[PDB]
Every structure is written in structure tokens, then in C-alpha cells.
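Have a look at the structure below, then the notes.
Please treat every number below as a calculation from the coordinates, not as lab data. Cβ sites come from the backbone with ideal geometry, for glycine too, and all protein chains shown count toward neighbours.
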Amino acid sequence: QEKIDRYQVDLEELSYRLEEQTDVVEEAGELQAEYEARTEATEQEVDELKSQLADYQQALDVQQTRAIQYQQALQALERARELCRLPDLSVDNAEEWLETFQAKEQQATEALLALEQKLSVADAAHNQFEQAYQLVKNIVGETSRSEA
Amino acid sequence: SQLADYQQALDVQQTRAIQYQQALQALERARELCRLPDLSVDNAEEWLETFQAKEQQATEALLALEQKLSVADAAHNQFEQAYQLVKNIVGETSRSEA
Amino acid sequence: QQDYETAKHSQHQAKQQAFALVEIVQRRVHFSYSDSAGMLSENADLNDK
Amino acid sequence: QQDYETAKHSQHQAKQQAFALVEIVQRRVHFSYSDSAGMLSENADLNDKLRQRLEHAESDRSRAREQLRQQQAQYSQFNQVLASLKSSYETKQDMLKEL
């Protein structure tokens, strides 16, 4: 019996280890996919430059488009520094504030979700609040509705 | 590389004269993409601002849908969490019995 | 979620159209000298092959 | 209700800010077009700058490739260790049933 107890502890241990390794593998695959996408984009861009140099008749149309995209990216960055009110901001570290405000939005959404449940159950008519209140009062004696 | 080398002399002297065609294709591409056959580079600014208005309206509607979507999916998530807690404590059971 | 997906599609299309209009605005200048012309198709054959 | 409309507006603020940051994340590459923007301003022969940019892209691509390879090896490592935990747990749990 004592041996079984030890086995149980061991299995709990391995459960926790499995949880952690599952997590780690998840982030590792996430990073792997991210770098896969990035390497793919880099090589595609390399190929585009190869075509541009080979097809120099391209006539900087792609260059014009990229310059316009650059201007638009600049404009978007300024707009975000405004909305987020983060003059201290760069493309490299904007990811950190993005995940930060993702957590922020998660907090806001979870709050408002609890709020939504409370408002939904607030549909209970006036009579229920009373009946509960006087029931509590009769059982304990006078108590405040907030404390009820 | 060999094509680049061969065309080197060909494309260098562009004379900024074959440049405006790119504007022509851009205008035509917009004409198909934007259901504005009358779209002219002159009146294209009114269309630009109007489509920007539509786009920002679309973003706003998207964000409202997103707010409700987020609250809803999170609510479903707590629903699921309650279900898992129930199954762990007791085992299989329907959500109605939960 | 279905509705929001549709809204996202519509938003993307609106953005693309807005960008095309921006492109027209930018290339109005290049349109300005549309009367210009230049030599072409000197070594096209071998380049094409 | 008043508090909830206020929280709703706060959620809206978070939504718009997150959306903007996402947009710039999308435009990450476009900021690399700063070279393209300067390259476009040449308005003359600029194949040399194109070749320089292509070489830089080649270096970046090779760096990304190595990064991907080493990340792949790391991920595989994590995979095998996780599988080993799986096997160990299976065996221990089997022995638990048997006992």
C-alpha cells in the first residue's frame, strides 16, 4: 500500500513535468513557425530583388510601391504612437507593447464579461432582491443590503 | 544573373519616359478594383476620401463585432471550464446536468 | 465569429481599395508627363527567350 | 449599468490600440522599405544599390535560415524529451494499475 502511495506521488510528478514539456514544445513550435514564415518572407524578398535586377525594365514600379508602403508604415507608426500615446516606440519593440495591451484588453474583456453576467442576472425583478433581503434580515436580524 | 547582365545596357537609359505607364496600369487596376469606371486621377481624391470613410467605418464595425465576439468566446470558455471541473470531479455528464 | 469574419473580409477589401486610390494619388505626378516617350524593344527577342 | 458602459468604452480603447499595434506589426517589413524609399529617390541609375540591397537580403536570409535550423533542432529536442516523459508516465501509470 505504501508502495502504491509512492507510485501515486511519482505519477503526479510526471504529470507536472508533462504539462511543462507540453507547454515548452508549444512555444518551440510557435517560434519554429514564426521563423519559418520569416525565412520564407526573406527568401521571397531576395527572389523579388533578383527579378528586379534581372528585370531592370521593371522600371522601379515595385520601388515606387515599396516607397509608398514605407510612407504608409511611417504614418501608421505615428498614428499608433498617438493612439497608444507612446512616442517612445519602435518597430522592433512595438511587439512588446502589443502583447502588453493584449493582456490589457484581456483584462478589460474579462472584467466586462463578469459585468455582462451581472447585468444579465440583474434582470431579476425588484421582488427577488427584496424577498432575499427580508429573508436574510429575519434569519440574522437587521443587515445592510450591500452586506446581505 | 545572365538575364540581368544581358539587359544591363537595355534598361539603364530609361529617360523617365517609360515611367508614366506605371501610372496608367495603376489607374486601370484601381478602375477594375474600384467599381468606378469613371475614376479619373482628378476625381480620384474624392473617391480616395470616400473609400477611406467606408474603410474606417468598416474597421469600427469590425471592432464592435470583436468586442462582442471576445466577451462571447470568453463566456464559452468559462462554460467549458465548468464542464471540465464537473467531469473531473464526477466524470462524464451533459452540460445541462452540469 | 462568422459575422466578424465577414466584417474582416469587408474591411480588408476596403483597405485594399483605399490603397489603390492612394496609389493613383501618388502617381498623378507620373501621369503629369504622360506625353513623354522613349525607345523600346531593342533586345527584346533574346531577353524574352 | 453606468459602470458597464464605462468598461465597454475602455474595452473599445484597448481594441483600437491593439488593432493599431497589430497594423504596424504587419507593416514591419514596410519599414524595411526605407531603403526602397531612398532607393526610389535616386531617379537615375541605381542597380548598384539594388545589388547591395539584394546582398543584404541574402545575408539576412542566411541568418534566418540558420536561426530556423537551430530553432528546429531545439524544438526537436523538446519533442523527444516530452515523448520520453510520455513513455515514463505511461509505464509508471501501468505499474500503478498493476499494483
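Things to note:
- Rounded to the nearest 10 degrees, the angle from helix D:2-26 to the longest Cα principal axis of chain D is 60 degrees.
- For residues of A:34-46, the mean tally of beta carbons on other chains within 10 Å: 6
- Size descriptor, Kirkwood hydrodynamic radius, that averages inverse alpha-carbon separations across the range A:85-148, Å: 15.7
- For chain B, calculated [θ]222 nm from helices alone, where every DSSP H run of n ≥ 4 adds -39500 (n - 2.57): -26000 deg cm²/dmol
- Peptide A:6-13 - average C-beta neighbours from other chains (10 Å radius): 3
- Our summary of shape: the Cα atoms of chain A have principal axis extents of 91, 58, 28 Å, ordered from largest down, in whole angstrom.
- Hull shadow area, averaged, the protein assembly as shown [alpha-carbon convex hull, nm²]: 32.6
- Inter-label distance, nm, simple model (7 Å from Cα along the C-beta direction), A:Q102/C:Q26: 2.9
- Each part reduced to its alpha carbon centroid, the range A:97-123 and the range B:33-71 end up 29 Å apart.
- Placing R0 at 41 angstrom, the Cβ-Cβ distance between D:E5 and A:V136 gives a FRET efficiency of 0.85 after rounding to 0.05.
- Other protein chain Cβ atoms within 10 Å, averaged over every residue that makes up D:64-74: 4
- As a ratio to 2.2 N^0.38 Å, the alpha-carbon radius of gyration for chain D is 2.08.
- When the listed pairs B:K54/D:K8; C:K8/D:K15; B:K54/C:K15 are checked against a 19 Å cut-off, the alpha-carbon distance exceeds it for B:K54/D:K8.
- Dipole in debye (nearest 20) - the range A:1-133, about Cα centre, beta carbon charges: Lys, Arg +1; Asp, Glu -1: 620
- Karplus 3J(HN,Hα) series, Hz, for the range A:78-94 with 6.51 cos²θ - 1.76 cosθ + 1.60 (x for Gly, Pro): 4, 4, 5, 3, 6, 4, 6, 6, 10, x, 6, 6, 8, 4, 5, 9, 4
- Percentage, to the nearest whole number, of Cα pairs in chain C over 15 Å apart: 70
- With K and R counted +1 and D and E -1, the other residues having a Cβ less than 12 Å from that of B:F79 yield a net charge of -1.
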